[PDB]
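Presented below, as structure tokens, is a lone chain in the form deposited in one PDB entry.
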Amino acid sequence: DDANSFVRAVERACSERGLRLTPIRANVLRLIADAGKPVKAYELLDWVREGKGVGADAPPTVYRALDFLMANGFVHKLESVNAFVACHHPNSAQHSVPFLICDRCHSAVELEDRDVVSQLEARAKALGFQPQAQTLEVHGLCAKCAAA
């Protein structure tokens, strides 16, 4: 229900935004949702292929589906560990620390300064948000994308 909660929020978001979930995009979304942990690009391709030997999606098609999710902010690249993670959503605890994500490149870094976060979360609760129903995200621009 963790994974179903993620799929439902992205489907709801796509409906609202005018985005289209083709079959591969829904397939990839489901595999990422059912992982519940960061995913390597090679694991996603293996999983997509596990269905049919010959009738499998070509790798570029699989990775364009992953880029679609990243570009729309449903998935980030945790470059810490060279893997892909679902956006924060109304999910469980025990792996929830805010993400800092770049607008252009969709890499994420985890904000691990407990008192900066705690202050940020306090400000947001006072201002009408629920930092514990959904872990916050900070969105900005990385130094590397800023250089161009």
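Whichever C-alpha set is largest while still superposing within 1.5 Å between the two forms counts as the rigid core. Numbers for residues come from their place in the sequence shown, where the first is 1.
Form deposited in another entry: not shown, discussed below.
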{"query": "C-alpha of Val81 moved at least 2 Å between this form and the one not shown on rigid core", "finding": "no"}
{"query": "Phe68 C-alpha shift between this form and the one not shown of 2 Å or more, rigid core reference", "finding": "no"}
{"query": "Cα displacement of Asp34 between this form and the one not shown reaching 2 Å, rigid core superposed", "finding": "no"}
{"query": "Cα-Cα shift for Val81 and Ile101, closer or farther in the other form, minimum 3 Å", "finding": "closer"}
{"query": "Sense of CA distance change between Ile101 and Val39 in the other form, threshold 3 Å", "finding": "closer"}
